[PDB]
Amino acid sequence: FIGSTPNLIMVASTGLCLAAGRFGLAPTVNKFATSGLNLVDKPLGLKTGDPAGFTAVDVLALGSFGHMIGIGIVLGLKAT
Amino acid sequence: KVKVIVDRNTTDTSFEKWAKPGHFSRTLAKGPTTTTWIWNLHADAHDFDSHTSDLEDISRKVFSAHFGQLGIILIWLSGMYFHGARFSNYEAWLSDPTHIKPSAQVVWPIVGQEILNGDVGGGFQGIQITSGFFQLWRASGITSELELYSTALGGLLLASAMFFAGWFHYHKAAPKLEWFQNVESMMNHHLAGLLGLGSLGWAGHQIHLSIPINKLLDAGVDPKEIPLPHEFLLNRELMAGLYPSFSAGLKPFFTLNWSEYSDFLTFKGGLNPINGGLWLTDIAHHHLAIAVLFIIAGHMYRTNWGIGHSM
Amino acid sequence: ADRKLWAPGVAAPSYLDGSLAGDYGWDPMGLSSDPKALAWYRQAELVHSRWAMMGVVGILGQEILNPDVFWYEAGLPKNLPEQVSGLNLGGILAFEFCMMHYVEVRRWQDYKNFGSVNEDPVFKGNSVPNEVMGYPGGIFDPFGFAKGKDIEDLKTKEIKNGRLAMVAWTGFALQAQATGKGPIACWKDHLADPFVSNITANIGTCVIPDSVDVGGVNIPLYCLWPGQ
Amino acid sequence: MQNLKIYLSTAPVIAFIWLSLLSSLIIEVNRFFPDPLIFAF
Amino acid sequence: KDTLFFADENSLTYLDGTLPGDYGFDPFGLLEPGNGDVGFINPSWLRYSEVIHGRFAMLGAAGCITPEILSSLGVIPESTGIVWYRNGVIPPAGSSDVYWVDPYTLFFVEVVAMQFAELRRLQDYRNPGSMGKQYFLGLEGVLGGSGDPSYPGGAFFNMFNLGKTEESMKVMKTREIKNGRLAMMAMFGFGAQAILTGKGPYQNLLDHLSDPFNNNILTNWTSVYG
Amino acid sequence: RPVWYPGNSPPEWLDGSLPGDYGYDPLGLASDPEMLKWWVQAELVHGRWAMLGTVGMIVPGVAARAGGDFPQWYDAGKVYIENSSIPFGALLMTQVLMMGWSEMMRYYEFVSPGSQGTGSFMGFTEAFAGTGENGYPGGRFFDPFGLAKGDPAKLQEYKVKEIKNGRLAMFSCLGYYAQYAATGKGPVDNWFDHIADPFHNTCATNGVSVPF
Ligand code: CLA
Ligand SMILES: CC(/C=C/C=C(C)/C=C/[C@@]12O[C@]1(C)C[C@@H](O)CC2(C)C)=C\C=C\C=C(C)\C=C\C=C(C)\C=C\[C@@]12O[C@]1(C)C[C@@H](O)CC2(C)C
Ligand SMILES: CC(/C=C/C=C(C)/C=C/[C@@]12O[C@]1(C)C[C@@H](O)CC2(C)C)=C\C=C\C=C(C)\C=C\C=C(C)\C=C\[C@@]12O[C@]1(C)C[C@@H](O)CC2(C)C
Ligand SMILES: CC1=CCCC(C)(C)[C@H]1/C=C/C(C)=C/C=C/C(C)=C/C=C/C=C(C)/C=C/C=C(C)/C=C/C1=C(C)CCCC1(C)C
Ligand SMILES: CC1=CCCC(C)(C)[C@H]1\C=C/C(C)=C\C=C/C(C)=C\C=C/C=C(C)/C=C\C=C(C)/C=C/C1=C(C)CCCC1(C)C
């Protein structure tokens, strides 16, 4: 397909998850969730070249979780 | 934090202590004074809290002995497939299942006990089977006797791998306490590794074997004309004839329209009014649907990387 | 001292000095060691080098001077000359065995111990002079050189010519085997049209019969590689 | 081999091995000499 | 140093500049500070299977492609230009039957002779100097081995004596691993690239250069032969 | 010492002096010192029956190339009692009578080496007395050429040859059985069959050893 509407969605879903998963939208290796829903710690010492505290594992997490919603929306549309 | 962390050459594998009954608990090592020492031995043999104190000694004994149970279960499964191989009537059952009653065990003639062999079917004499192996083996797409010998051996082979694992993880390389203290790893793995992958793996057996085979049977063919199993996954055009959507390849999976597979992945419910079982198309859609859901649920515990909960 | 070793950078093995004749310090298999083996192996290298040098010349002498009679055969009682051909090879081989079995056993025992019997039996008044294990020649060199003048230098020329033969002679046996041509013949083919006369062609064919029998069904010929 | 014997000499081992020698024998006596009610033969 | 390559806090602690070809990529911390031993997971072993897998891969990759090319160029005959997995190793995928005997005979001589190779190799890993002691056809002097198990050295195994100055020796080793690691992935591709497409790996170099935008993985799914 | 599987060390209990001791006891059945001398005789006996069995198989086979009508080693049992002239029972029960005498005599010299040649078996002292080693009787009858009497350094050098030739006769006599059950033909027939067309006569082509 390459640009058909499901591709509109998925690139705009996963790439959207880790888009600002870069900064402050979701949990990342560094900053972990609290029970009081703070979203702040970030004291983890994994070594990654990157301007601020964005691990390579944060990539796999956010992308892989991006595809659920990515698929859940694309199938939410297709079935409907 | 989560590492392997094992010891080495902890105990010594020898018969030294087999000849010294009761060697484990301090009270039994003194030999029988009375006849109770014979009884008090057995009740205290698997109680590992009386043996020792620390969890390193207890857990190793516990973990290394689970291999024992699994090494026994597999000798058991192997035996059940073997008696399906040689001593069962299975082929005759497989062709005319609505009549022939299932049988495996066969009784040696001696002591006038051969009367236990019942006239059953397929020109055969043996004991009835209530276990239900035959009505599994049809649903696994097992036709000839050769698949059964291959499980009997393969089952009896991997059984020998377990006792070595049992030996290897107690005498030779024994984990430490910290290794058994990792629940969140253990729970990520069991839930994703066993149940998550073990459902896919089986959802991949049904799709390429049972679904095709069990269509050719109730269509009225018999095991003589059924293509060998490796014919199915090594021939598309053979497979596509049964279900046309294999001609679509893996694109529909990747092009993200799964309605394409509605032929061999269904949602039906109810019993198939030929075999009586559940429609075997959706059972693949069953495990597949679960497997995807387990692997998800195995990621909620953090291990090294600070993603996921702790307990 | 290092003369020149076979590969440019290498370490001559400990037991390899260059005391022997053609030493380049090449024994990558490490097979020679514990010199009791070396003495033995040296003997073979000589004996092989010599029969090869005689062999190579004898093959060139055959084909040049007898244009027929493809060399690799020559055995069966067809190619044989006129006085022969009807000497019944089984009686010819008889004449050879008792001759070689003596001389070879005669040489072998002079390897076991040394300087032991270098002397004539029978007349037993005379002997070949001193040597080191395989360089006789009181009789075996009648002409007396390689005695006073440079000796090992002639020894050096002996190996380097010998080793050349063992390879060259080996070329004969495999060339004549695949091509079906004598050495100077297959050479003449190459000079004619090299690109199509090359070893690139005519491999995968041993072109040899598997029977080749004389007084029976005899003598299986197993070629070398299984080219059909 | 020292200690393998001593284990094979334990009570339950012989109890198994030696009964399985009777059991087998008494089984096969009935194979060749079937149905022995009275000692008549 | 130039680790990058997913270097961790722990992964760089014990593993830094030492082992030839160390980029500090060790995500699971397998090679480790000897916290456990006597298994197939430890620095002594994992390094030594990495090298060996490297070398076979090199010999694998070079051996899978070369017959495919030399026949394509019209050099060796076509009957022997069988694609590497169709050589008769995998009868379900076809059998070539070119050989002077059957495959099973060849597999007997292999298993015998190949076992003298590798069982001989462990005893040097389990007993560092042992295989240069007992008499084996006089080969023991050059088969004794030296240093660590991964690099034998000796007379035979290194005959041309390259890496003398220990300056280049590390370089040549690092130069060897980086080719081994590359060689493995190459072989890892073949198995998939042959099952997805169904054609040769060299044939798959042409089809991707004839229509690069099209012939591809995402193009080829509906192919999937076997 | 040149052990089998080079690079290991022998099992610690047997490094000792035994003819043909390579340190091979991978299941450790020599671990009982009393029992080892029982296995050393057990081997020696098998080695001696092997070396007689092998020749007994090959020669009638090799005899059959020139004609001379013998059977193969298998189905030489029938051919004799096919032509019979004496019943099977009388033969097998003369076995157990005469043969059992030797063995049950061979045993009580192993048990107690002193007896069996104290006397009072038809005299014959010192012929049966035994030379003191496990499986070597020595003596007048068992050793008519008086060998193993002179130089001992030459003797210990035979005792090695006897085993090593015995271990090979056993391991070959395992081949005679196994390659009969597959190809169903004599030992020298196979030795010609593989020397004639080596390629299609090999083991993988018997259709039994390599099932499909
Ligand atoms: C994907 C990873 C994975 C998988 C599949 C398993 C699988 C299993 N674990 Mg397990 N485990 C893991 C990771 C994993 N573990 C980790 C990381 C830890 C450390 C905390 C543990 C700690 C642990 C303990 C403490 C115990 C288990 C047990 C078990 C068994 C469950 C009991 C049962 O009914 O098995 C059903 C059996 C089968 C379905 C047969 C399949 C078995 C084959 C051999 C697959 C085994 C794969 C496994 C990962 C080992 C592979 C590596 C090894 C070959 C080198 C099962 C074999 C229990 C057990 O049985 O102990 C022996 C148990 O007591 N595990
Ligand atoms: C050896 C090998 C292939 C060998 C092939 C051979 C000999 C082939 C021989 C033949 O082909 C020929 C010659 C001729 C053919 O006609 C027939 C045969 C006879 C068949 C492939 C290895 C292939 C090996 C591969 C692909 C290994 C991949 C491993 C990876 C990626 C590991 C990564 C990690 O270990 C790190 C890096 C860090 C850890 O902390 C984390 C993880 C992730 C675990
Ligand atoms: C005696 C023998 C053969 C005797 C042959 C005879 C009498 C000949 C008989 C015949 O002439 C007649 C009678 C009639 C003829 O018409 C036909 C025949 C029938 C042919 C073979 C022994 C054959 C015996 C063999 C082959 C034994 C092999 C044993 C091995 C390899 C054991 C190894 C181990 O025991 C150790 C060494 C150490 C442990 O720690 C490890 C393990 C592995 C347990
Ligand atoms: C260097 C080389 C490369 C290729 C082949 C190979 C690898 C083997 C290698 C060859 C090495 C060599 C030199 C092998 C020797 C081969 C040969 C031909 C040896 C001699 C063979 C023949 C011999 C004695 C005599 C044969 C004559 C016989 C019976 C009988 C003749 C007679 C008839 C026909 C019947 C009755 C009367 C009588 C007189 C008996
Ligand atoms: C930020 C930006 C600007 C400057 C730098 C730079 C140019 C590098 C750029 C940074 C990053 C870029 C360009 C890309 C990053 C990550 C990319 C391309 C991919 C990462 C993750 C992708 C993922 C998980 C997709 C799928 C993964 C999984 C498991 C999906 C699993 C699946 C689910 C759960 C449903 C069913 C089963 C299936 C389909 C297997």
# chains A, B, ... in the order shown; residues from 1 in each chain; ligands from 1
$ interface_residues --of "chain F" --to "chain D" --cutoff "12 Å" --atoms "only C-alpha atoms" --output "ChimeraX atom specification"
/F:13,25,27-36
$ residues_around --residues "residue 116 (chain C)" --least-positions-apart "5" --cutoff "12 Å" --atoms "only C-alpha atoms" --output "ChimeraX atom specification"
/C:106-111,127-131,133
$ write_last_selection --atoms "N, CA, C and O atoms" --output "CSV table (one decimal), in the first residue's frame"
chain,number,residue,atom,x,y,z
C,106,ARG,N,68.5,-55.7,2.0
C,106,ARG,CA,69.9,-55.3,2.2
C,106,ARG,C,70.1,-53.9,2.6
C,106,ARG,O,70.9,-53.6,3.5
C,107,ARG,N,69.3,-53.0,2.1
C,107,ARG,CA,69.3,-51.6,2.5
C,107,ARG,C,68.6,-51.3,3.8
C,107,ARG,O,69.1,-50.6,4.6
C,108,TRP,N,67.5,-52.0,4.0
C,108,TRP,CA,66.7,-51.8,5.2
C,108,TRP,C,67.5,-52.1,6.4
C,108,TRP,O,67.6,-51.3,7.4
C,109,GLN,N,68.1,-53.3,6.5
C,109,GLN,CA,68.9,-53.6,7.6
C,109,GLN,C,70.0,-52.7,7.9
C,109,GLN,O,70.5,-52.5,9.0
C,110,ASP,N,70.5,-52.0,6.9
C,110,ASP,CA,71.6,-51.0,7.1
C,110,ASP,C,71.0,-49.7,7.5
C,110,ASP,O,71.8,-48.8,7.8
C,111,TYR,N,69.7,-49.5,7.6
C,111,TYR,CA,69.1,-48.4,8.3
C,111,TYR,C,68.9,-48.8,9.8
C,111,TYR,O,69.1,-47.9,10.6
C,127,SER,N,84.3,-53.6,0.9
C,127,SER,CA,83.2,-52.9,1.4
C,127,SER,C,83.0,-51.5,0.8
C,127,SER,O,84.0,-51.0,0.2
C,128,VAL,N,81.9,-50.9,1.0
C,128,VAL,CA,81.7,-49.5,0.6
C,128,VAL,C,82.1,-48.6,1.7
C,128,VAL,O,82.1,-49.1,2.9
C,129,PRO,N,82.6,-47.4,1.4
C,129,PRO,CA,83.2,-46.6,2.5
C,129,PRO,C,82.2,-46.1,3.5
C,129,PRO,O,81.0,-46.4,3.4
C,130,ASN,N,82.7,-45.2,4.3
C,130,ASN,CA,81.8,-44.6,5.3
C,130,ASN,C,80.7,-43.7,4.6
C,130,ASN,O,80.9,-43.3,3.5
C,131,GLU,N,79.7,-43.5,5.3
C,131,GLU,CA,78.7,-42.5,4.8
C,131,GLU,C,77.9,-42.1,6.0
C,131,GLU,O,78.2,-42.3,7.2
C,133,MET,N,74.0,-42.9,6.5
C,133,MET,CA,72.6,-43.4,6.2
C,133,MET,C,72.1,-43.1,4.9
C,133,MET,O,71.2,-42.2,4.7
$ residues_near_ligand --ligand "ligand 5" --cutoff "6 Å" --atoms "only C-alpha atoms and all ligand atoms" --output "PyMOL selection string"
chain A and resi 59-60+63-64+67-68
$ write_last_selection --atoms "N, CA and C atoms" --output "compact mmCIF listing (two decimals), in the first residue's frame"
# COMPACT_ATOMS: atom_id res chain seq x y z
N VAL A 59 12.77 2.96 22.84
CA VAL A 59 12.31 2.84 21.46
C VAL A 59 11.42 1.62 21.29
N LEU A 60 11.92 0.45 21.69
CA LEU A 60 11.17 -0.78 21.50
C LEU A 60 9.86 -0.75 22.27
N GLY A 63 7.35 2.01 20.54
CA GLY A 63 6.93 1.55 19.23
C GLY A 63 6.01 0.34 19.33
N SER A 64 6.44 -0.68 20.07
CA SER A 64 5.66 -1.90 20.18
C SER A 64 4.30 -1.63 20.78
N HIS A 67 1.91 -0.05 18.20
CA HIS A 67 1.25 -0.87 17.18
C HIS A 67 -0.06 -1.46 17.66
N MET A 68 -0.20 -1.71 18.96
CA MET A 68 -1.49 -2.13 19.49
C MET A 68 -2.57 -1.13 19.10
$ closest_residue --among "B:165, B:278, B:146, B:290" --to "chain E" --atoms "only C-alpha atoms"
B:165
$ residues_around --residues "residue 219 (chain E)" --least-positions-apart "2" --cutoff "12 Å" --atoms "only C-alpha atoms" --output "PyMOL selection string"
(chain A and resi 1-2) or (chain B and resi 249-251+254-255) or (chain E and resi 196-197+207-208+211-217+221-224)
$ residues_around --residues "residue 142 (chain F)" --least-positions-apart "6" --cutoff "10 Å" --atoms "only C-alpha atoms" --output "compact mmCIF listing (two decimals) with C-alpha atoms, in the first residue's frame"
# COMPACT_ATOMS: atom_id res chain seq x y z
CA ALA F 127 50.31 -79.79 34.57
CA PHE F 128 47.12 -78.35 36.06
CA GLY F 130 48.60 -73.24 37.05
CA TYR F 136 47.04 -68.32 32.25
$ select_by_dssp --residues "chain C" --states "alpha helix (DSSP H)" --output "PyMOL selection string"
chain C and resi 36-65+89-112+152-178+183-192+194-197
$ interface_residues --of "chain B" --to "chain D" --cutoff "12 Å" --atoms "only C-alpha atoms" --output "mmCIF file with N, CA, C and O atoms, in the first residue's frame"
data_model
loop_
_atom_site.group_PDB
_atom_site.id
_atom_site.type_symbol
_atom_site.label_atom_id
_atom_site.label_comp_id
_atom_site.auth_asym_id
_atom_site.auth_seq_id
_atom_site.Cartn_x
_atom_site.Cartn_y
_atom_site.Cartn_z
ATOM 1 N N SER B 14 27.869 -39.632 43.588
ATOM 2 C CA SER B 14 28.446 -40.956 43.931
ATOM 3 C C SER B 14 27.391 -41.773 44.680
ATOM 4 O O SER B 14 26.365 -41.193 45.084
ATOM 5 N N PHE B 15 27.631 -43.072 44.842
ATOM 6 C CA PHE B 15 26.671 -43.941 45.568
ATOM 7 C C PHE B 15 27.033 -43.955 47.057
ATOM 8 O O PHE B 15 26.350 -44.656 47.827
ATOM 9 N N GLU B 16 28.064 -43.198 47.452
ATOM 10 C CA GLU B 16 28.483 -43.235 48.849
ATOM 11 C C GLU B 16 27.291 -43.257 49.789
ATOM 12 O O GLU B 16 27.223 -44.078 50.706
ATOM 13 N N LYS B 17 26.348 -42.346 49.584
ATOM 14 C CA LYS B 17 25.265 -42.148 50.525
ATOM 15 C C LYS B 17 24.021 -42.958 50.198
ATOM 16 O O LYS B 17 23.096 -42.976 51.009
ATOM 17 N N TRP B 18 23.964 -43.634 49.046
ATOM 18 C CA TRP B 18 22.827 -44.520 48.820
ATOM 19 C C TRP B 18 22.872 -45.719 49.743
ATOM 20 O O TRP B 18 21.825 -46.228 50.152
ATOM 21 N N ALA B 19 24.062 -46.176 50.083
ATOM 22 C CA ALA B 19 24.217 -47.348 50.921
ATOM 23 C C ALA B 19 24.012 -47.035 52.389
ATOM 24 O O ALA B 19 24.135 -47.934 53.225
ATOM 25 N N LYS B 20 23.716 -45.781 52.717
ATOM 26 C CA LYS B 20 23.592 -45.316 54.092
ATOM 27 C C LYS B 20 22.204 -44.719 54.271
ATOM 28 O O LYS B 20 22.049 -43.492 54.320
ATOM 29 N N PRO B 21 21.176 -45.557 54.365
ATOM 30 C CA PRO B 21 19.806 -45.043 54.374
ATOM 31 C C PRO B 21 19.579 -44.069 55.517
ATOM 32 O O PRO B 21 20.207 -44.158 56.573
ATOM 33 N N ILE B 38 12.063 -47.608 59.838
ATOM 34 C CA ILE B 38 11.748 -47.887 58.444
ATOM 35 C C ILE B 38 10.621 -46.991 57.967
ATOM 36 O O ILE B 38 10.642 -46.495 56.836
ATOM 37 N N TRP B 108 -1.230 -60.587 27.408
ATOM 38 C CA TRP B 108 -0.575 -61.854 27.141
ATOM 39 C C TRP B 108 -1.504 -63.013 27.488
ATOM 40 O O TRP B 108 -2.334 -62.904 28.391
ATOM 41 N N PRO B 109 -1.384 -64.137 26.785
ATOM 42 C CA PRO B 109 -2.405 -65.191 26.886
ATOM 43 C C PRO B 109 -2.440 -65.931 28.211
ATOM 44 O O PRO B 109 -3.437 -66.602 28.493
ATOM 45 N N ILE B 110 -1.398 -65.830 29.030
ATOM 46 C CA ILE B 110 -1.158 -66.824 30.070
ATOM 47 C C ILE B 110 -2.194 -66.718 31.182
ATOM 48 O O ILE B 110 -2.829 -65.684 31.387
ATOM 49 N N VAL B 111 -2.356 -67.820 31.912
ATOM 50 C CA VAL B 111 -3.151 -67.882 33.134
ATOM 51 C C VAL B 111 -4.622 -67.661 32.793
ATOM 52 O O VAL B 111 -5.406 -67.150 33.598
ATOM 53 N N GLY B 112 -5.016 -68.068 31.592
ATOM 54 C CA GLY B 112 -6.406 -67.955 31.206
ATOM 55 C C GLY B 112 -6.971 -66.556 31.250
ATOM 56 O O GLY B 112 -8.191 -66.393 31.301
#
